[PDB]
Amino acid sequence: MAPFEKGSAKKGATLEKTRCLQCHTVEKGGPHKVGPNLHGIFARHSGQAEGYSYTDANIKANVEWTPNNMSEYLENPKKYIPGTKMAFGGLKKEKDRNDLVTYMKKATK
């Protein structure tokens, strides 16, 4: 894991498009896909998107989404919420996670 620090929103956007856009939307009103829509993610806890069928794992994990919570989850999702159906290896590079989270914090308003 690793302490969140501000990154490049611009590079965070490129990291979303190529690594997240396939399974998630982020724009308000965006449709769910394989993954929930992520708008307001930092306004709520895990498994709270109305309209999406979550695993018991994600729902009951009760995570309070925040920048360092997002960073540690994205390093290894399946280690953070065991049982999650999110097929994502993870992002090893602190810098890539700080770039992505910094973009998410702006686009999920």
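Position 1 is the first residue in the sequence shown; the rest follow in order.
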| property | result |
| --- | --- |
| 55-63 versus 34-42 - which carries the larger mean C-alpha B factor in the record | 55-63 |
| Entry-reported Cα temperature factor of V101, expressed as the chain third it lands in | lowest |
| Third of chain Cα B-factors occupied by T18 | highest |
| Chain-relative CA temperature factor third for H24 | lowest |
